[PDB]
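S.K.: This structure is in structure tokens; I'll ask about it shortly.
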Amino acid sequence: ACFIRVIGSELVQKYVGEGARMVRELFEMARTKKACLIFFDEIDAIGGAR
Amino acid sequence: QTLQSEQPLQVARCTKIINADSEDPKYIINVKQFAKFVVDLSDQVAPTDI
Amino acid sequence: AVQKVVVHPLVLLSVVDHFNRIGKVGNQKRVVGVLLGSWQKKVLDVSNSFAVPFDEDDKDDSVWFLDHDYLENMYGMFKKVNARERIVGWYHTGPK
Amino acid sequence: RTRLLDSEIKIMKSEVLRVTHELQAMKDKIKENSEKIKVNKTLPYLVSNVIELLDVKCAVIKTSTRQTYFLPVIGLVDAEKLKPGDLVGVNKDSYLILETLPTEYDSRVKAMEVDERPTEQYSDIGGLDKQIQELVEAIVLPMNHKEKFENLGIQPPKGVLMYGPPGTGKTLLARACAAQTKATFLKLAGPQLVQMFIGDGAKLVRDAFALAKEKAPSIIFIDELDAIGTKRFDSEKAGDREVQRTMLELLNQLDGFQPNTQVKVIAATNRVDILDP
Amino acid sequence: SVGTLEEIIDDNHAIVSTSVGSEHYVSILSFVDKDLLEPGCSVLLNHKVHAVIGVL
Amino acid sequence: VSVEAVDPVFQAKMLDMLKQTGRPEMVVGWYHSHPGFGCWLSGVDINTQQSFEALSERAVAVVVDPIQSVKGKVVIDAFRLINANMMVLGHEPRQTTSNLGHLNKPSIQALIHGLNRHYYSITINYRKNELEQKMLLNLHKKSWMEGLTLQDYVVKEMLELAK
Amino acid sequence: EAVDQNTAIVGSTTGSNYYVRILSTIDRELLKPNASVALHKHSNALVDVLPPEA
Amino acid sequence: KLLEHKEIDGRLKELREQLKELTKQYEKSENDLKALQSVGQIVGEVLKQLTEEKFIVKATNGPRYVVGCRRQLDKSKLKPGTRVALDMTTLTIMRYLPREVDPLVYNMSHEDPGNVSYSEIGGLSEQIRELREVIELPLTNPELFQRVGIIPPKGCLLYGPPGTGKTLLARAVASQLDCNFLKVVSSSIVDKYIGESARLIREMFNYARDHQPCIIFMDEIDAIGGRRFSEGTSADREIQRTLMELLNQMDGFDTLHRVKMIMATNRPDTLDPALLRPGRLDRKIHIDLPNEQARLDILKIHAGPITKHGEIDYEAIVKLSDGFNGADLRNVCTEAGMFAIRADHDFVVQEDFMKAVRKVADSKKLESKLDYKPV
Ligand SMILES: Nc1ncnc2c1ncn2[C@@H]1O[C@H](COP(=O)(O)OP(=O)(O)OP(O)(O)=S)[C@@H](O)[C@H]1O
Ligand SMILES: Nc1ncnc2c1ncn2[C@@H]1O[C@H](COP(=O)(O)OP(=O)(O)OP(O)(O)=S)[C@@H](O)[C@H]1O
Ligand SMILES: [Zn+2]
């Protein structure tokens with residue numbers, strides 16, 4: 001399968017709403033090629049609560 | 001000699017498409033930076049997947 | 001009706017070349033050709049013109065010939081390639 | 001019978017006049033079509049925005065190169081067609097208006113449009129009866145029975161909110177009523193609105209409202225409003241501003257001055273008291 | 001001239017980016033290898049067909 | 001701008017209505033413009049060069065820029081594409097090459113001298129017309145020396161301006 | 001800037017910056033640091049120093 | 001046997017209508033073919049006049065230029081700062097032109113829709129009369145304010161809890177004076193660029209300076225207002241410069257005249273004290289929630305065109321109504337119609353009003369903190 005590595009600290013950018021674009025392009029890489037894996041890691045930095 | 005045959009090659013600037021028109025191509029394109037243009041395809045295209 | 005003219009020397013040279021065209025053949029009297037013009041105000045301007053063939057016998061000064069078909073054809077030419085111009089008159093080379 | 005034969009030859013004279021009409025029509029028409037061949041086949045057209053319309057029948061063009069041009073001669077359009085702020089297809093060389101474009105949108109707004117039509121019939125939903133009642137009686141009856149409300153004499157309502165526990169299924173009513181009804185349905189996520197640059201959310205929400213309004217049976221779906229809905233705060237040394245800018249864009253272009261009648265709103269949050277009143 | 005890569009296409013030419021942001025499908029002078037080329041490198045470009053000239 | 005700007009029905013009409021004008025003389029080449037830059041040979045010119053040398057013997061180009069000067073510049077530029085088939089023999093023999101060297105004087109237009117691959121400019125003199133030169137001089141001088149030569153033969157505030 | 005006689009650097013209001021040459025019509029004192037200056041279209045060389053304006 | 005007149009007239013009228021319409025088509029294409037060859041011109045503005053022949057202009061697209069007139073350009077017209085035309089090639093001046101409009105102004109100038117006047121709102125008869133006294137009287141009769149010899153107030157600030165109809169009061173003014181309401185929503189101003197918003201503010205203030213009775217209206221200020229920062233996000237710098245544009249040119253040195261600014265906010269506590277002082281915004285005008293008679297007034301305004309029967313204890317509905325809005329009781333009447341269509345009654349029974357009141361009671365058990373008094 002098309003394994004994809006994602007650090008949970010990848011969403012730590014400078015500019016506002018950039019992690020939205022990051023999630024966008026993550027899943028747009030996910031959709032084209034079929035039957036793929038995406039691995040998140042250390043999802044604390046992605047956020048704990050609201 | 002391939003390179004001297006590739007001076008008759010073409011520069012092929014890449015772009016982005018806003019939208020098509022109806023019953024005719026009449027393609028509306030901003031390049032990325034310059035402006036926005038009404039262009040028409042070359043006849044060597046797949047006239048569907050644009 | 002006409003205040004004055006603003007006439008470039010180019011149309012005068014455009015008379016001169018047809019004068020060269022008639023100095024080599026049997027010249028009975030003179031040249032009668034078309035004068036185009038750029039009429040804007042009551043002042044007048046000419047940018048260009050062209051000629052038309054012409055002969056004239058002198059028995060009752062009424063036998064004199066142009067070609068209005070050729071005239072309007074080349075007028076349509078120069079009107080298409082330049083919509084500024086239009087006819088404004090004529091010219092002759094004999095000073096009297 | 002002399003006048004009858006005179007009119008019979010006059011019918012031939014009128015046929016000669018029809019031939020003169022044929023000549024001065026066909027010849028002049030094909031010559032002007034040839035000029036329109038010369039001028040109109042120049043298929044690369046720079047498009048632009050009409051700034052003003054002066055009358056001393058004079059149009060001023062701001063190019064999409066962010067630059068300007070005056071022209072005193074309008075071109076191959078009519079002055080009724082030209083309102084302030086139009087995309088006009090202008091030749092590079094002649095700088096003359098040749099077309100009229102139909103759309104001023106983002107392709108991202110185009111990507112928001114719902115064509116896929118999933119399948120959730122109401123038998124897939126169980127035990128949410130009053131909520132289905134509220135939603136259908138609030139949306140489908142201002143969609144099919146405008147005359148019902150208008151004979152009652154108030155208005156259609158403005159807005160339906162979804163909130164509560166995060167597992168109750170809020171996506172399900174969106175998918176279900178989009179599956180069953182056949183209006184122009186439109187989705188929207190929360191963080192997709194706020195952009196890296198300053199002011200693009202205003203553009204995005206305004207163009208979204210425009211695109212939905214031009215397809216008047218319009219059902220707007222909103223997802224995680226609390227991403228952009230925030231109880232705003234006055235403080236110092238810190239503060240994230242543009243979020244409230246996009247939210248105030250949403251609210252003012254949603255409600256207040258310049259009201260609209262054809263918008264239908266569905267929003268879904270997981271928490272409640274983050275939001276402004 | 002000097003540019004920067006975005007992607008590499010196998011058909012002897014790839015996509016580059018200019019200084020201000022114009023982008024072209026331009027080919028490689030093949031005596032210096034394309035295995036030297038990685039996404040995120042600075043390259044040598046022409047003015048006449050803007051072709052990829054070599055490795056910087 | 002193309003070789004298909006030569007409309008053959010316009011060729012027939014234009015040239016025959018010049019035939020019934022003063023003389024049916026023969027075409028000697030062709031002209032164009034390049035107002036956007038410093039007047040060198042476009043791609044369309046070499047695309048139509050074989051068409052014109054199929055039409056004409058010399059088929060000499062005319063290159064111009066209309067934004068230059070008011071009395072001085074000689075902006076016109078003319079050429080002769082020599083064929084690539086004569087790559088064996090020497091390039092531009094020009095039997096004497098002494099008046100060609102007296103054409104060679106400025107080595108003008110460094111991008112055309114980049115385009116010296118099968119190109120060279122040609123001598124263009126501005127020759128006399130005895131039928132026209134003295135009368136153009138008559139026009140020019142005797143219409144600018146007071147117009148009618150009787151008019152101004154301003155004056156009382158240029159006192160203060162000059163002081 | 002001024003390199004020397006008959007050669008200077010000016011930044012035109014195209015934003016860019018040019019190695020140019022100066023004329024002997026300009027009196028050389030009117031350069032002091034910074035003058036509104038006049039240029040050419042084609043060659044884009046200095047033609048004239050302007051009075052204080054802009 | 002004399003029907004040849006009818007046949008000749010038939011063919012001649014067919015050919016005559018055909019010639020009229022076809023030559024009209026050929027004439028339309030003739031005019032549109034004559035108009036093809038013209039070439040557009042360059043938009044520029046006049047910096048200053050250098051000499052009698054020399055003119056210093058700077059177009060918007062870039063650099064500065066020095067050219068002259070043609071023959072008859074009437075050089076006294078060229079005041080420094082007028083917008084003129086330029087040739088593309090020769091680049092000299094062609095024609096003096098009137099000033100720009102910037103159709104961002106037009107999308108918030110023409111786009112006032114219709115509305116009902118200030119009798120539609122109610123229960124807040126202090127502010128109605130007071131805004132009238134502070135705006136309409138120093139623009140209709142300034143001598144009442146000159147005989148006293150006291151400068152008129154310029155800026156008015158509407159504030160209060162959300163939903164008190166702060167928008168619709170200005171909308172009623174926009175159905176009362178109908179003069180030049182430049183209702184800026186003040187959120188669709190900033191787009192992305194550097195100084196574009198500052199130029200739009202200059203444009204609005206010039207346009208308001210010229211068309212002498214203008215009404216400036218900027219809703220939802222707090223997005224573009226802010227207060228100040230310890231220099232955090234970089235876009236906030238241009239935010240504060242865009243705000244200091246207003247802070248200067250509302251006051252400046254050249255004082256505005258008849259430029260009446262109507263302002264509305266959701267919470268006025270977050271404004272900048274640079275904007276909070278008088279002079280710019282003279283009198284703080286506060287709207288609050290309706291009282292019992294005021295709730296009665298709004299309720300009977302909404303209950304006018306509603307199909308019902310003579311049963312309505314308005315005192316009961318207003319009695320259960322407690323601390324509500326312009327739109328709360330509007331929602332009461334709307335949901336009363338909803339409950340009327342519930343079980344298909346075709347009139348509105350009085351119990352539907354109590355059901356809608358308890359629906360409002362369900363609604364406003366999720367909202368609080370409705371008291372933001374500034375300063
Ligand atoms: N009433 C119901 N009938 C049938 N299935 C249901 C019902 N409620 C929930 N489900 C199921 O549980 C899921 C709930 O949908 P979700 O995708 O979690 O919606 P949602 O994300 O909870 O909405 P949020 O998170 O509060 S915004 C669906 O996949 C259904 O299969
Ligand atoms: N007292 C009132 N009488 C009549 N109608 C009212 C009244 N209060 C509000 N309304 C109506 O309800 C609407 C509420 O307008 P709003 O948009 O709330 O004004 P606002 O300043 O935008 O308030 P916020 O702070 O933005 S929610 C108005 O447009 C009117 O249609
Ligand atoms: Zn060319």
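A note on labels: chains of the structure tokens are A, B, ... as shown, every chain counts residues from 1, and ligands are counted from 1 in their shown order.
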If you count only C-alpha atoms and all ligand atoms, which residues end up within 7 Å of ligand 3, as a ChimeraX atom specification?

M.R.: /F:1,34,41-45

S.K.: Starting from chain H, keep only residues with some atom at most 9 Å from an atom of chain C, counting only C-alpha atoms, and report them as a list in words.

M.R.: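 Close enough to count are residues 34, 35 and 37 of chain H.
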
S.K.: Which residues in chain C does DSSP call helix (DSSP H, G or I)? List them as a PyMOL selection string.

M.R.: chain C and resi 9-23+68-81

S.K.: Among range 8-44 of chain G, which residues carry a DSSP assignment of strand (DSSP E), reported as a list in words?

M.R.: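 Residues of range 8-44 of chain G classed as strand (DSSP E): residues 8, 9, 10, 18, 19, 20, 37 and 38 of chain G.
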
S.K.: Please identify all polymer residues within 12 Å of residue 56 in chain D, counting only C-alpha atoms, omitting same-chain residues fewer than 2 positions from it, and present them as a list in words.

M.R.: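 So, after excluding close chain neighbours, the residues are residues 53, 54, 58, 59, 71, 72 and 73 of chain D; 95, 96, 97 and 98 of chain H.
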
S.K.: Please identify the residues whose atoms come within 8 Å of ligand 2, using only C-alpha atoms and all ligand atoms, and report them as number ranges by chain.

M.R.: D: 251-252, 255-257, 277; H: 120-124, 159-168, 219-220, 264-267, 289-290, 294-295, 298, 301-302, 325-328, 330

S.K.: With C-alpha atoms retained, export the selected residues as a PDB file, in the first residue's frame.

M.R.:
ATOM      1  CA  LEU D 251     -23.159  37.282   9.515  1.00  0.00           C
ATOM      2  CA  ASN D 252     -23.554  40.576   7.664  1.00  0.00           C
ATOM      3  CA  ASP D 255     -28.514  38.870   7.699  1.00  0.00           C
ATOM      4  CA  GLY D 256     -29.301  42.526   8.331  1.00  0.00           C
ATOM      5  CA  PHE D 257     -29.032  45.119   5.579  1.00  0.00           C
ATOM      6  CA  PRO D 277     -24.759  35.611  20.849  1.00  0.00           C
TER       7      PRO D 277
ATOM      8  CA  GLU H 120     -41.895  49.961  11.268  1.00  0.00           C
ATOM      9  CA  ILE H 121     -39.394  49.940  14.133  1.00  0.00           C
ATOM     10  CA  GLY H 122     -40.589  51.121  17.520  1.00  0.00           C
ATOM     11  CA  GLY H 123     -40.330  50.975  21.273  1.00  0.00           C
ATOM     12  CA  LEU H 124     -37.110  53.028  21.037  1.00  0.00           C
ATOM     13  CA  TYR H 159     -24.448  50.323  20.435  1.00  0.00           C
ATOM     14  CA  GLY H 160     -26.149  47.882  22.733  1.00  0.00           C
ATOM     15  CA  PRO H 161     -27.094  44.224  22.982  1.00  0.00           C
ATOM     16  CA  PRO H 162     -27.319  42.217  19.757  1.00  0.00           C
ATOM     17  CA  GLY H 163     -30.649  42.077  18.001  1.00  0.00           C
ATOM     18  CA  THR H 164     -32.024  45.456  19.055  1.00  0.00           C
ATOM     19  CA  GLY H 165     -32.425  46.443  15.409  1.00  0.00           C
ATOM     20  CA  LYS H 166     -29.292  48.586  15.252  1.00  0.00           C
ATOM     21  CA  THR H 167     -29.159  47.813  11.534  1.00  0.00           C
ATOM     22  CA  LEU H 168     -32.816  48.480  10.724  1.00  0.00           C
ATOM     23  CA  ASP H 219     -21.516  48.385  10.180  1.00  0.00           C
ATOM     24  CA  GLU H 220     -19.668  45.811  12.385  1.00  0.00           C
ATOM     25  CA  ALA H 264     -22.924  50.209  14.814  1.00  0.00           C
ATOM     26  CA  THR H 265     -21.181  47.500  16.806  1.00  0.00           C
ATOM     27  CA  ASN H 266     -21.745  44.142  18.479  1.00  0.00           C
ATOM     28  CA  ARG H 267     -19.514  44.869  21.445  1.00  0.00           C
ATOM     29  CA  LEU H 289     -33.951  45.687  25.183  1.00  0.00           C
ATOM     30  CA  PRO H 290     -37.653  46.628  24.928  1.00  0.00           C
ATOM     31  CA  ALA H 294     -42.182  48.534  23.895  1.00  0.00           C
ATOM     32  CA  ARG H 295     -42.594  44.751  23.593  1.00  0.00           C
ATOM     33  CA  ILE H 298     -43.136  45.575  18.399  1.00  0.00           C
ATOM     34  CA  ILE H 301     -46.317  45.750  14.666  1.00  0.00           C
ATOM     35  CA  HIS H 302     -45.467  42.178  13.709  1.00  0.00           C
ATOM     36  CA  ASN H 325     -35.039  41.536  21.015  1.00  0.00           C
ATOM     37  CA  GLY H 326     -36.183  43.080  17.756  1.00  0.00           C
ATOM     38  CA  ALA H 327     -35.957  39.585  16.333  1.00  0.00           C
ATOM     39  CA  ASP H 328     -37.044  37.509  19.345  1.00  0.00           C
ATOM     40  CA  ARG H 330     -40.322  38.465  15.267  1.00  0.00           C
TER      41      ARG H 330
END

S.K.: Give the residue list for ligand 1 at 12 Å, counting only C-alpha atoms and all ligand atoms, as a PyMOL selection string, sorted by chain and then by residue number.

M.R.: chain D and resi 120-132+161-176+189-190+221-227+266-272

S.K.: Do a neighbour search on residue 42 in chain G at 12 Å with only C-alpha atoms, toss out local chain neighbours closer than 4 positions, and write the hits as a list in words.

M.R.: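 Neighbouring residues, sequence-local ones excluded: residues 36, 37, 38, 65, 67, 68 and 69 of chain F; 46 of chain G.
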
S.K.: Just want the 7 Å neighbourhood of range 27-44 of chain C, counted on only C-alpha atoms, with same-chain residues fewer than 3 positions away dropped. Output as a PyMOL selection string.

M.R.: chain C and resi 1-6+22-23+47-52+54-56+84-94

S.K.: Can I get the selected residues back with N, CA, C and O atoms, as a tab-separated table (two decimals), in the first residue's frame?

M.R.:
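Output file selection.tsv follows:
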chain	number	residue	atom	x	y	z
C	1	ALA	N	-17.76	77.42	-45.49
C	1	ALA	CA	-17.93	75.98	-45.40
C	1	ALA	C	-16.60	75.28	-45.15
C	1	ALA	O	-16.56	74.22	-44.54
C	2	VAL	N	-15.53	75.88	-45.66
C	2	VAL	CA	-14.16	75.41	-45.47
C	2	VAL	C	-13.37	76.54	-44.82
C	2	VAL	O	-13.29	77.64	-45.37
C	3	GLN	N	-12.79	76.27	-43.65
C	3	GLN	CA	-12.07	77.32	-42.93
C	3	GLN	C	-10.68	77.51	-43.53
C	3	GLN	O	-10.36	78.58	-44.06
C	4	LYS	N	-9.85	76.46	-43.48
C	4	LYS	CA	-8.60	76.40	-44.23
C	4	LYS	C	-8.22	74.93	-44.36
C	4	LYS	O	-8.99	74.03	-43.99
C	5	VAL	N	-7.04	74.67	-44.91
C	5	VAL	CA	-6.56	73.32	-45.13
C	5	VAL	C	-5.29	73.10	-44.32
C	5	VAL	O	-4.63	74.04	-43.88
C	6	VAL	N	-4.98	71.82	-44.09
C	6	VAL	CA	-3.73	71.38	-43.49
C	6	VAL	C	-3.25	70.25	-44.39
C	6	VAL	O	-3.69	69.11	-44.26
C	22	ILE	N	2.53	60.08	-66.40
C	22	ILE	CA	1.97	60.66	-67.62
C	22	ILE	C	2.99	61.40	-68.47
C	22	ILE	O	2.70	61.71	-69.64
C	23	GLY	N	4.18	61.71	-67.94
C	23	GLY	CA	5.18	62.37	-68.76
C	23	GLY	C	5.83	61.47	-69.79
C	23	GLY	O	6.49	61.98	-70.70
C	47	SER	N	-4.34	63.25	-45.84
C	47	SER	CA	-3.23	62.36	-45.54
C	47	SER	C	-2.68	61.67	-46.78
C	47	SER	O	-1.49	61.36	-46.83
C	48	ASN	N	-3.51	61.45	-47.79
C	48	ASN	CA	-3.16	60.59	-48.91
C	48	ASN	C	-4.16	60.89	-50.01
C	48	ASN	O	-5.16	61.58	-49.78
C	49	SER	N	-3.87	60.39	-51.21
C	49	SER	CA	-4.79	60.40	-52.35
C	49	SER	C	-4.25	59.46	-53.41
C	49	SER	O	-3.19	58.86	-53.26
C	50	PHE	N	-5.02	59.34	-54.49
C	50	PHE	CA	-4.61	58.57	-55.66
C	50	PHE	C	-5.24	59.20	-56.89
C	50	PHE	O	-6.03	60.13	-56.79
C	51	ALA	N	-4.89	58.68	-58.05
C	51	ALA	CA	-5.28	59.30	-59.31
C	51	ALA	C	-6.38	58.49	-59.99
C	51	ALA	O	-6.92	57.53	-59.44
C	52	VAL	N	-6.70	58.91	-61.21
C	52	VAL	CA	-7.71	58.30	-62.08
C	52	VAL	C	-7.37	58.75	-63.50
C	52	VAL	O	-6.94	59.90	-63.69
C	54	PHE	N	-7.68	60.09	-67.41
C	54	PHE	CA	-8.37	61.29	-67.87
C	54	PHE	C	-7.82	61.77	-69.21
C	54	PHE	O	-6.61	61.94	-69.35
C	55	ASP	N	-8.70	62.03	-70.17
C	55	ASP	CA	-8.33	62.71	-71.41
C	55	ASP	C	-9.39	63.75	-71.72
C	55	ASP	O	-10.52	63.70	-71.22
C	56	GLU	N	-9.03	64.71	-72.57
C	56	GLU	CA	-9.92	65.84	-72.84
C	56	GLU	C	-9.56	66.44	-74.18
C	56	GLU	O	-8.46	66.99	-74.34
C	84	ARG	N	-10.19	56.37	-41.45
C	84	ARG	CA	-10.11	57.79	-41.16
C	84	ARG	C	-10.39	58.63	-42.40
C	84	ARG	O	-11.07	59.67	-42.33
C	85	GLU	N	-9.91	58.18	-43.55
C	85	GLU	CA	-9.91	58.98	-44.75
C	85	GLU	C	-11.30	58.98	-45.38
C	85	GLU	O	-12.15	58.15	-45.07
C	86	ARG	N	-11.53	59.95	-46.27
C	86	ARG	CA	-12.65	59.97	-47.21
C	86	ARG	C	-12.28	60.95	-48.30
C	86	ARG	O	-11.31	61.70	-48.17
C	87	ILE	N	-13.04	60.92	-49.40
C	87	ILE	CA	-12.72	61.83	-50.50
C	87	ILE	C	-13.09	63.25	-50.11
C	87	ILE	O	-14.02	63.49	-49.33
C	88	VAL	N	-12.30	64.21	-50.59
C	88	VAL	CA	-12.60	65.59	-50.27
C	88	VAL	C	-12.52	66.47	-51.52
C	88	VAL	O	-12.93	67.63	-51.50
C	89	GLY	N	-12.00	65.93	-52.62
C	89	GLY	CA	-11.94	66.73	-53.84
C	89	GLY	C	-11.08	66.11	-54.92
C	89	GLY	O	-11.01	64.88	-55.05
C	90	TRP	N	-10.39	66.97	-55.66
C	90	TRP	CA	-9.54	66.54	-56.77
C	90	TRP	C	-8.33	67.46	-56.85
C	90	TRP	O	-8.07	68.26	-55.95
C	91	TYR	N	-7.60	67.35	-57.96
C	91	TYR	CA	-6.43	68.19	-58.19
C	91	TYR	C	-6.14	68.23	-59.68
C	91	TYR	O	-6.56	67.36	-60.44
C	92	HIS	N	-5.37	69.24	-60.08
C	92	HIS	CA	-4.89	69.32	-61.44
C	92	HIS	C	-3.51	69.95	-61.44
C	92	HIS	O	-3.17	70.72	-60.54
C	93	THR	N	-2.71	69.60	-62.45
C	93	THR	CA	-1.32	70.03	-62.48
C	93	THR	C	-1.09	71.29	-63.30
C	93	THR	O	-0.08	71.96	-63.09
C	94	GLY	N	-1.98	71.63	-64.23
C	94	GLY	CA	-1.82	72.84	-64.99
C	94	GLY	C	-2.27	74.03	-64.17
C	94	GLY	O	-3.43	74.11	-63.76

S.K.: Please report, as a Markdown table, each residue of chain D lying at most 12 Å from chain F, together with the nearest pair of atoms and the separation in Å rounded to one decimal; use only C-alpha atoms, and order rows by chain and ascending residue number.

M.R.:
| residue | atom | partner | partner_atom | distance |
| --- | --- | --- | --- | --- |
| D:38 | CA | F:5 | CA | 10.3 |
| D:42 | CA | F:1 | CA | 11.2 |
| D:93 | CA | F:36 | CA | 11.6 |

S.K.: Please identify all polymer residues within 12 Å of residue 32 in chain E, counting only C-alpha atoms, omitting same-chain residues fewer than 3 positions from it, and present them as a PyMOL selection string.

M.R.: chain E and resi 28-29+35-37+43-44+52-56

S.K.: Could you check which of H:7, H:14, H:222, H:52 is closest to residue 78 in chain H, using only C-alpha atoms?

M.R.: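 For residue 78 in chain H, the nearest of the given residues is H:52.
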
S.K.: Which residues of chain F come within 7 Å of chain C, and what is each one's closest atom pair and distance in Å (one decimal), counting only C-alpha atoms, sorted by chain and residue number, as JSON lines?

M.R.:
{"residue": "F:21", "atom": "CA", "partner": "C:52", "partner_atom": "CA", "distance": 6.7}
{"residue": "F:22", "atom": "CA", "partner": "C:21", "partner_atom": "CA", "distance": 4.9}
{"residue": "F:23", "atom": "CA", "partner": "C:21", "partner_atom": "CA", "distance": 6.7}

S.K.: What lies within 12 Å of residue 48 in chain B using only C-alpha atoms, ignoring chain neighbours under 6 positions off, as a list in words?

M.R.: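 Selected residues are residues 20, 23, 24, 25 and 41 of chain B.
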
S.K.: Quick check, in Å to one decimal: how far apart do CA of residue 309 in chain H and CA of residue 291 in chain H lie?

M.R.: 25.8 Å
